[PDB]
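Undergrad: Experimental structure below, sequence on top.
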Amino acid sequence: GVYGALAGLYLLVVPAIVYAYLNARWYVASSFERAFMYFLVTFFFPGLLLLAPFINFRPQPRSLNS
Amino acid sequence: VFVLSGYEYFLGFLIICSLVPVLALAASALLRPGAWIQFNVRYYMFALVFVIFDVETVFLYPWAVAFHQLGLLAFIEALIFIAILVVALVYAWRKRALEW
Amino acid sequence: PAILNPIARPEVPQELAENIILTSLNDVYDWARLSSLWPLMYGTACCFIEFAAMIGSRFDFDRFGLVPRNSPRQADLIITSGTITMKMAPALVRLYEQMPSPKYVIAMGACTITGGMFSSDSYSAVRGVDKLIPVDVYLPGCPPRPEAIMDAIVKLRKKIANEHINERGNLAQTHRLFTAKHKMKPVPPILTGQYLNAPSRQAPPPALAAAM
Amino acid sequence: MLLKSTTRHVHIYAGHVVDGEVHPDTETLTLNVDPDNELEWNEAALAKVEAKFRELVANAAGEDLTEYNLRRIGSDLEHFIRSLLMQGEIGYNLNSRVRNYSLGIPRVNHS
Amino acid sequence: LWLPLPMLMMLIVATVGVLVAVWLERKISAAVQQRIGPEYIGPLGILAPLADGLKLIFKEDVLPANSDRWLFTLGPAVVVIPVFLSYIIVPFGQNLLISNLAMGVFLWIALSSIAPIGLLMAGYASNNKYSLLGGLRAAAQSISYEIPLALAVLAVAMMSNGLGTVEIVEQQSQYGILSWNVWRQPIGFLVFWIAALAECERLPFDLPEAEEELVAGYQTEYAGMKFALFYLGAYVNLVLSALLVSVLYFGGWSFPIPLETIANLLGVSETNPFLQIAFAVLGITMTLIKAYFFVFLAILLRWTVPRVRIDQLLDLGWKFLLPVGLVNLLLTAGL
Amino acid sequence: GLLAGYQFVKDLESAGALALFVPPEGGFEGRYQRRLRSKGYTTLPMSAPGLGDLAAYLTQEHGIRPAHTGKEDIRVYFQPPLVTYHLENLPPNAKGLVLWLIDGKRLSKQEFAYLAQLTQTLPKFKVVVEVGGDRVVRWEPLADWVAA
Amino acid sequence: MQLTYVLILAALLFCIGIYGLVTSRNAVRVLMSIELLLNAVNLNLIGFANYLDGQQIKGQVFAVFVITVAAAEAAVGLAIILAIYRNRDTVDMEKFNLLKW
Amino acid sequence: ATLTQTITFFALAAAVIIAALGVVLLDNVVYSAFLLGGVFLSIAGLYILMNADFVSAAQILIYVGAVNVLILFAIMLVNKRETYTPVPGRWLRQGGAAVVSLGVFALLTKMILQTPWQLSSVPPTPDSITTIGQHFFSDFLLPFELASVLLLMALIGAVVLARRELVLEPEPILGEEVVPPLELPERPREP
Ligand code: SF4
């Protein structure tokens, strides 16, 4: 086990990229992108479990233009 | 003398997986606040056919591991063991043993 | 006197003090209970279809975290879904007694709040299920919409997060037992388990089949 | 069979309690008032209902052993427990995690 | 206190392996009904396996009235210890093995035989009528699907000249995908896969009692932390049985040269820092890419077949899976 | 964010009348009526649409008319005024009480300021009127909200 | 642990099986007490194979056949008790003394 | 590193003899039957300590997984809730069995210690699944083929002695003089 060089590549910096990827294309992704989407969560799961209560996917408040 | 290799971690892993329920049920212990079954002889009958066939599997595991270093005469002899215990299997279907 | 049905003053001081860490480990306790409370699959009357529609596709039940479990030992939440009569009254308090100790009943529909249309004259409906079990969240409507039942769960998640970890002594029932000996004559039971092979169906009785 | 009557403030069973596991008898009746603690009791009114519990078992000791008769007693205890509240003897609990006030609201006497 | 480094690193990937399979159950089974799944907890449901199991700790694990006390508590501790001990077999990675036992696909079938006693001392001790009817039925289902599963491993041990699970997956590492055992044992793999699915998955199990032959199964009177061992101890065996599919038949840690285009389930550019960590952890764990395809399959196969009754469940293991398990062993031999 | 300190306790004693903007699924509102209640403040969570005119309900005795359902007379139950009755019960060894109103977004703008100008005129008494929805729970005094 | 301590373990595991073979009143507890005797002849047998004739184990082969016999003797053995229980509705070894003299 | 093979021997040798007293002396038979798996697992722990990796893995499969499941089904089938507790039935013949069992034990220990065993200092088990399988098909071949004949007979016999007689229970087949169905024709009679 690497102390802090290769561990942070798996635990922190790459799962933070997937959470940006998970927010953007999850409901609008195609039939091929969705099956690849479930693989990165089933692989970076001890990474994505750490930065779980820091990011909230709640929708942005609307502007009420009417 | 102990010439088995690979069993040094088996005694440690036997204790730690045994410490998975006894410590978690104790970790929960500090955080928490006309009776008839009918005698149907099929629970015995499904288990008898297991014992006759859990023993057949044990007898074929030295054969299967040491097969490709034995030859054909040890395959004719090991075919008698399988072909007889097939007749034990046809006897169980036909005599309604494992019917449920 | 002065006040009918008075409120007893809290003489206990409620010294509920803790540091930051024990209220940080209390946030994990309260979050993990409100977010995954499993409902009992209970339903009697018309307000079960309103709740069974929420299990399905158009409204997701298991989106707040509610996986329905059909036995009172695994489940904790129980949505009182439909009219309770005089029968099904002790079959419901038996359903409530056999649950692990943070239970949180919610009421549902106008019939478990007051006995909605069966308050005026019905000879067997328990008017409101708070006569039987303590309810956490009420919910009127006849039936409530399946958008409105997920509102009462939203109000219930506001009730779990208030709950304190060291106030778990009131989550266990008390024992104010008494014992009296009666002089009632015991009777044999009425409903034994025989319908077809009862010896009253196989033949018509005498002195009545002559004119039959 | 364990005939019983389980209301909210009253749990009349037909049998005597031997350390949690109730055994059904033919002679005795167990009663525990307020298993959930909604009303904050005191020393006197836990003994006042014994003047109504042992009265109602003795006065109705000529009828059958049905759950209609165990309910008919319990519907008179829970109408005596309310008459304690409308006389102001006992009061509601405030440590209780639920606050539905099932026996009416607190109200003042004559405006 | 677990001073072995390999023994702690395995106990985490046997713990995070459960929470993957719980979360994958609530999102694949919610995809096939056209609903969201558990939102609102974590980002999109990632904390649904944490929070479902953490609430099971904080409940009053109370007994029923007249029950055996020492067998109620020891009920779940016999179902889950041998399926947790038998993770000592699976050698995920080229440069990782916890213990090289000279057998181990025979030690796994040995240890998986103790689990019918754990369904027996839990069905008996909970002490109502509908848990003896459900306990004796759940015990008589791991019985029937155990001889077909032990003969699928007999065939793949004939080809491998051993039972050591490194020596099995080393015989499939010479040709990458040409020498996986599925291509040479296409009828002993379905015998493994149907029998393993019929010992731990949720299609051939009487726990959802929408058919009402019993009340709610054998885990009816269980609650709290004891129920968490029957629930978060069923996916421990779903992962291990899916691991041993991707160890025995499909080659564990075996795959050709990764130097390809962007269509290799990864990013875009060739030499990024993102593909070097999608290779090096794959140079540490290659099998849990394969092992989370059958967990993806076993969840998806739950909604594909109808709920077969117990009268036809044991008319599958004895009358079909065992005779096919025999003739596969002879066909794997010469005859 | 995640780790909340005790700033919600000192913000309520300073302003006197808060306004919480919680996520509309609930569950994260109530972690702030626990730090409030750990510091001696009791909490009376009422309902905002259920309250009538807050002059007649909070500080005055009000006649709650029960449902007669055709089988009774028109009774009038004169309940005691809620804020003065629930304060006389609580001993002065603790602090006052709050009124954690839920579904507060259906009170009129006049009844917001009446819940603002009453928490100063009444000593050791506060309100936390939960109003509106947001992605993250955040608070502000009611003095700024009625002018918004 | 030497060879001697396995044998005194096997010789003690035998004689608890004897005490259950003679004193037990359930018809099934005699069958479990028979299985203790058929393990003490296994614990004697592998222990004779490890320290004596270690290179070619003739004891661990002979230890295999004792398990398969006793598994086949307890499969026959419980079939007999289950034939008695359908006729005589108890299992009491002080109730099967009708073939006395 | 060697004293942890002695401590784990005496902790397994005390795991069997406290469970072996449990399968004999305990008052309930289901608690007696479940502890029989404690005997069979702990004995299987000793076989690994005696360098018998295959005979241990074949014992958890048969004795714990097949025989002990066979015992437990055959006790849930006979409970009947009628123990009748006639403990002083006729005499104190449970103390006469404590003398022969203690007599055999003191007899065997005198035999074990004083007998010179010719223990060899060679390393055992050169992969004892290969030299146990070259015994099944060279030397121990005829006991291996007779184990197949024994097991087939044990399935013919144990089925016909435990199956239900739902084919024809009232079957008066024939007669010279009267015979009941499925019974030996020598009718019971007292002189
Ligand atoms: S109030 Fe009406 S809709 Fe609601 S449960 Fe009763 S009958 Fe059904």
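TA: Ah, there it is. Numbering: from 1, shown residues only, chains lettered A, B, ... in the order given.
Undergrad: residue in chain A nearest to chain F?
TA: Relative to chain F, the nearest point of chain A is residue A:58 (4.6 Å; CB to the nearest CB). Bear in mind the C-beta positions are built from the backbone N, C-alpha and C, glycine included.
Undergrad: What about that residue, how many residues nearby?
TA: Per other CB atoms under 10 Å in any protein chain shown, the neighbour tally for residue A:58 reads 15.
Undergrad: Are we agreed that it is in a strand?
TA: No: residue state for residue A:58 (DSSP: H, G, I helix; E, B strand; the rest coil) corresponds to coil; a strand is not indicated.
Undergrad: Which residue is the nearest non-sequential neighbour of it?
TA: Closest residue to residue A:58 apart from its sequence neighbours, by CB to CB, 6 or more residues apart in numbering or on different chains: residue F:135 at 4.6 Å.
Undergrad: Ok, residue B:85 next?
TA: residue B:56 (5.2 Å).
Undergrad: Could you grab the helix/strand/coil label for the one you found?
TA: On the three-state scheme (three-state DSSP), residue B:56 is labelled helix.
Undergrad: who are the neighbours in contact with it?
TA: With contact taken as CB atoms under 8 Å, 6 or more residues apart in numbering or on different chains, residue B:56 is in contact with B:81, B:82, B:85, H:151.
Undergrad: Can you tell me which of the residues you listed end up in helices?
TA: The helices, defined by DSSP state H, take in B:81, B:82, B:85, H:151 from these.
Undergrad: who are the neighbours in contact with the residue nearest to the first one when sequence neighbours are not counted?
TA: With CB to CB, 6+ apart as the measure, residue H:148 is the residue that lies nearest to residue B:81, at 4.7 Å, once sequence neighbours are left out. With contact taken as CB under 8 Å, 6+ apart, residue H:148 is in contact with B:80, B:81, B:84, B:85.
Undergrad: Bridged to the spatially closest residue to residue C:187 that is not a sequence neighbour, which residues?
TA: Closest residue to residue C:187 apart from its sequence neighbours, by CB to CB, 6+ apart: residue D:64 at 5.0 Å. Beta-bridge partners for residue D:64, by DSSP bridges, are residue C:185.
Undergrad: related to what we said a few turns ago, mind picking the two most distant members of the contacts of residue B:56?
TA: The span of the contacts of residue B:56, defined through CB to CB, is set by B:82 and H:151 at 11.9 Å.
Undergrad: Compute the number of surrounding residues for residue 27.
TA: Chain wasn't specified; assuming chain A. Close neighbours of residue A:27, defined as other CB under 10 Å, add up to 7.
Undergrad: actually it's chain C I care about, not the one you picked
TA: 19.
Undergrad: Settle this for me: it is touching residue F:30, isn't it.
TA: No: applying CB atoms under 8 Å, one finds residue C:27 not in contact with residue F:30, separated by 10.6 Å.
Undergrad: right, and out of the contacts of residue H:148, which lies closest to residue H:70?
TA: Nearest to residue H:70 out of the contacts of residue H:148 is residue B:85 (CB to CB; 17.8 Å).
Undergrad: closest point of chain A to chain C, which residue?
TA: residue A:53 (8.7 Å).
Undergrad: pretty sure residue C:136 belongs to a helix, no?
TA: No: Residue C:136 sits outside any helix when classified using three-state DSSP, being strand.
Undergrad: Grab the nearest non-local neighbour of it.
TA: Nearest residue to residue C:136 in three dimensions, chain neighbours excluded: residue C:104, at 4.8 Å (CB to CB, 6+ apart).
Undergrad: okay, now that neighbour: neighbour count?
TA: Number of residues near residue C:104 (other CB under 10 Å) recorded here: 23.
Undergrad: which ones are touching it?
TA: C:37, C:76, C:77, C:78, C:136, C:156, C:159, C:160.
Undergrad: Let me see the contact set for residue C:176.
TA: Residue C:176 makes contact with D:32, D:33, D:34, D:35, D:41, D:46 under the criterion CB under 8 Å, 6+ apart.
Undergrad: redo that, cut-off 10 Å
TA: Contacts were defined as CB atoms under 10 Å, 6 or more residues apart in numbering or on different chains; by that measure residue C:176 touches D:11, D:31, D:32, D:33, D:34, D:35, D:37, D:41, D:46, D:49.
Undergrad: Go through those and flag which are in helices.
TA: The helices, defined by DSSP H, take in residue D:46 from those.
Undergrad: out of the contacts of residue C:176, which are buried?
TA: With burial judged by 16 or more other CB atoms under 10 Å in any protein chain shown, the buried subset of these is D:11, D:31, D:32, D:33, D:34, D:35, D:41, D:49.
Undergrad: which one among those gets closest to chain F?
TA: Set against chain F, the nearest of the buried ones among the contacts of residue C:176 by CB to the nearest CB is residue D:41 (17.2 Å).
Undergrad: Could you find the closest non-adjacent residue to that closest one?
TA: residue D:90 (5.9 Å).
Undergrad: Run a quick check on the one you found versus residue C:8, I expect a contact.
TA: Yes: Residue D:90 is within contact range of residue C:8, at 7.2 Å (criterion: CB atoms under 10 Å).
Undergrad: Chain A: helices as residue ranges?
TA: Using DSSP H, helices in chain A cover A:7-8, A:14-24, A:33-41, A:45-48.
Undergrad: For the ligand, what is the nearest residue in chain D?
TA: Residue nearest to the ligand within chain D (CB to the nearest ligand atom): residue D:100, separated by 18.3 Å.
Undergrad: In contact with residue 27, which residues are there?
TA: Went with chain A since none was named. By CB under 10 Å, 6+ apart, the contact set of residue A:27 is A:34, E:36.
Undergrad: not quite, I wanted chain F
TA: Applying CB under 10 Å, 6+ apart to residue F:27 gives the contacts C:30-31, C:33-35, C:64-65, C:153-154, C:156-161, E:40-41.
Undergrad: residue contacts, the spatially closest residue to it that is not a sequence neighbour?
TA: Leaving aside its chain neighbours, residue F:27 sits nearest to residue C:157 (3.5 Å; criterion: CB to CB, 6+ apart). Residues in contact with residue C:157 (CB under 10 Å, 6+ apart) are C:30-31, C:33-35, C:37, C:64-65, C:137, E:40, F:25-30.
Undergrad: make it 8 Å
TA: C:34, C:35, C:64, F:25, F:26, F:27, F:30.
Undergrad: is it fair to say it lies in a helix?
TA: Yes: judged by three-state DSSP, residue C:157 forms part of a helix.
Undergrad: Quick check: residue F:46 touching residue F:103?
TA: No: using CB under 8 Å, residue F:46 makes no contact with residue F:103, being 10.2 Å away.
Undergrad: So which residues of chain B form helices?
TA: Assigned by DSSP H, the helices in chain B fall at B:8-27, B:43-65, B:73-94.
Undergrad: Determine which stretch of the ones you listed is the most buried.
TA: Mean neighbour counts were taken over the helices of chain B using mean count of other CB atoms under 10 Å in any protein chain shown, and the top value, a mean of 25, falls to helix B:43-65.
Undergrad: still on that earlier bit, now, which of the contacts of residue B:56 sits nearest chain G?
TA: Closest to chain G, out of all of those and judged by CB to the nearest CB, is residue H:151, at 5.8 Å.
Undergrad: Distance-wise, check the nearest residue to the closest one once chain neighbours are set aside relative to residue H:73.
TA: With sequence-adjacent residues excluded and distances taken as CB to CB, 6+ apart, residue H:151 is closest to residue B:52, at 5.3 Å. Distance, residue B:52 to residue H:73, by CB to CB, to the nearest Å: 15 Å.
Undergrad: Redo the contacts of residue C:157 as TSV? Include secondary structure.
TA: Listed next are the contacts of residue C:157 as TSV, based on three-state DSSP:
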residue	secondary structure
C:34	helix
C:35	coil
C:64	coil
F:25	coil
F:26	coil
F:27	coil
F:30	coil
